[PDB]
Every structure is written in structure tokens, then in C-alpha cells.
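Since the structure comes first, as C-alpha cells, the remarks are kept for the end.
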Protein chains: 2
Amino acid sequence: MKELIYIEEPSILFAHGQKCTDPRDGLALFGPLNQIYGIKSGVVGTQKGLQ
Amino acid sequence: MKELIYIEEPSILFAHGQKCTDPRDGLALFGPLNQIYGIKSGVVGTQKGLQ
């Protein structure tokens, strides 16, 4: 039997300096790092695609 | 005594369909036509220039 070593799961920091593992939970808890004021979306497609 | 005609001041539109002659007063009163969410300002220059 060969021993399986462990590499600890890294944590990615988020807003306010709060570090979590999953992207989803960190984003839904503390929010993203930098504040962009919004997204001015541009859409290139048909009218049905735009709808 | 030559006749001097008058041409009526043209009104520039603003937010909510409110027309005012002065761009400054119309902007302060009603605001721009479209709502960009913010300005992601970028500055190239010296540190004194940044300050």
C-alpha cells in the first residue's frame, strides 16, 4: 500500500479580502474584487437573437 | 434703418424629453440622454500628474 499525500485546496481571495475556495460561494458572499460600474452590452445578431 | 430679423433659440433635448436652451442648465435640471454606468478612468502621466 502506497500513501497518498494531500495538497490542501487553495483559497482564492475576494472582496474585503475574504478568501474562499469555490468561485460561486465567494462571489455570492463577498462579491468580486474590483468595482466596475456596469456592463454596456453590445449585441451583434438577428432580431430574434437580440430578443 | 435696415431690418434685423430674429431667429428663435433652438432647444437642445435632455433626459426625459425636457428641452432647454442652455446645455449646462438643461444638464443640471434633467441630465444626459443615455445612462452610461460610470467612467473607468485611466490616467497616463507622472505621479505628480496622478495626484
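Ordering of the C-alpha cells sets the chain letters (A, B, ...); residue numbers start at 1 within each chain; ligands are numbered from 1 in the order shown.
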For chain A against chain B, which residues fall within 10 Å using only C-alpha atoms, given as an mmCIF file with C-alpha atoms, in the first residue's frame?
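selection10.cif was written with the following content:
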data_model
loop_
_atom_site.group_PDB
_atom_site.id
_atom_site.type_symbol
_atom_site.label_atom_id
_atom_site.label_comp_id
_atom_site.auth_asym_id
_atom_site.auth_seq_id
_atom_site.Cartn_x
_atom_site.Cartn_y
_atom_site.Cartn_z
ATOM 1 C CA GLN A 35 -15.962 47.554 -8.896
ATOM 2 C CA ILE A 36 -16.938 48.170 -12.490
ATOM 3 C CA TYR A 37 -19.920 50.479 -12.672
ATOM 4 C CA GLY A 38 -21.769 48.318 -15.191
ATOM 5 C CA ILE A 39 -21.703 46.462 -18.483
ATOM 6 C CA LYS A 40 -22.754 48.353 -21.615
#
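When atom CA of residue B:15 is paired with atom CA of residue B:29, their separation reads 9.0 Å.
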Residue B:10 surroundings by only C-alpha atoms, 9 Å radius, close-in-sequence under 3 positions cut, as an NGL selection string | :B and (7 or 20-21)
Might you pull out every residue within 10 Å of residue A:26, with only C-alpha atoms counted and same-chain residues fewer than 5 positions away left off, and present them as JSON, numbers by chain?
-> {"A": [11, 12, 13, 14, 15, 18, 19, 20, 21, 31, 32]}
Written file, previous selection with C-alpha atoms, as a CSV table (one decimal), in the first residue's frame:
chain,number,residue,atom,x,y,z
A,11,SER,CA,-8.3,29.6,-1.4
A,12,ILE,CA,-9.0,32.5,-3.8
A,13,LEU,CA,-9.4,35.9,-2.1
A,14,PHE,CA,-12.5,38.1,-2.8
A,15,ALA,CA,-13.8,41.5,-1.9
A,18,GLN,CA,-12.2,37.4,2.2
A,19,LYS,CA,-10.7,34.2,0.8
A,20,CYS,CA,-12.9,31.1,-0.1
A,21,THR,CA,-12.4,28.0,-2.3
A,31,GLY,CA,-18.6,39.9,-4.3
A,32,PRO,CA,-15.9,40.5,-6.9
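The spacing separating atom CA of residue A:34 from atom CA of residue A:16 amounts to 10.2 Å.
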Select from chain B everything DSSP, run on the backbone, classes as strand (DSSP E), then give the selection as a PyMOL selection string.
-> chain B and resi 12-13+19-20
Using N, CA and C atoms, can you write the selected residues to a file as a compact mmCIF listing (two decimals), in the first residue's frame?
# COMPACT_ATOMS: atom_id res chain seq x y z
N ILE B 12 -32.11 72.29 -27.20
CA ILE B 12 -31.41 71.01 -27.22
C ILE B 12 -32.09 70.08 -26.22
N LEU B 13 -32.38 68.86 -26.66
CA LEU B 13 -33.08 67.91 -25.82
C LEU B 13 -32.18 67.40 -24.69
N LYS B 19 -36.60 69.90 -23.00
CA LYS B 19 -35.78 70.74 -23.85
C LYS B 19 -35.45 72.05 -23.14
N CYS B 20 -34.17 72.40 -23.13
CA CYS B 20 -33.71 73.67 -22.57
C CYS B 20 -32.66 74.25 -23.50
Tell me, which residues of chain B carry DSSP helix (DSSP H, G or I), written as a ChimeraX atom specification?
-> /B:15-17,23-29,47-50
